[PDB]
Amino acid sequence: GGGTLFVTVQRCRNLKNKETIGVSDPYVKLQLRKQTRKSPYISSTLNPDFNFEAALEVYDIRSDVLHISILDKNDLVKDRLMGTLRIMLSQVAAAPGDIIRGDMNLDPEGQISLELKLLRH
């Protein structure tokens, strides 16, 4: 393998509310091997428009996995998990143009609009 994965999270829709009182304040967390990224949060919404851009280095295209989490930012208690999605880098590498772009289903509910572009080295 070996490449750079460009990730754009455009938005999420229909997220599961996790806030004890009020509406959750979502942000994106990305993880690939030892790399982590976190977007700024958006207050009081289950339908955030993030337009979040990141890049992660890929060390083995065949086996690497990108882990996406959507979390509720909290000030006093632990941030709570709203939804997750795993992307296998092999799926990106198989796609025409090494590009994937669509509205995907989060676990356990909600949708996420993403663009994933792999540049191979």
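All residue numbers are counted from 1 along the displayed sequence.
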item	value
Stretch with the higher entry mean CA B-factor, where the candidates are 65-73 and 91-99	91-99
42-50 versus 55-63 - greater average Cα B-factor per the deposited record	55-63
Relative C-alpha B-factor of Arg37, binned into the chain's lowest, middle or highest third	lowest
Position of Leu114 among the chain's modelled residues by C-alpha B-factor, lowest, middle or highest third	highest
Cα B factor band for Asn14 (lowest, middle or highest third within the chain)	middle
CA B-factor ranking of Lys29, expressed as a third of its chain	lowest
Ranked against its chain, the third holding the CA B-factor of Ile21	highest
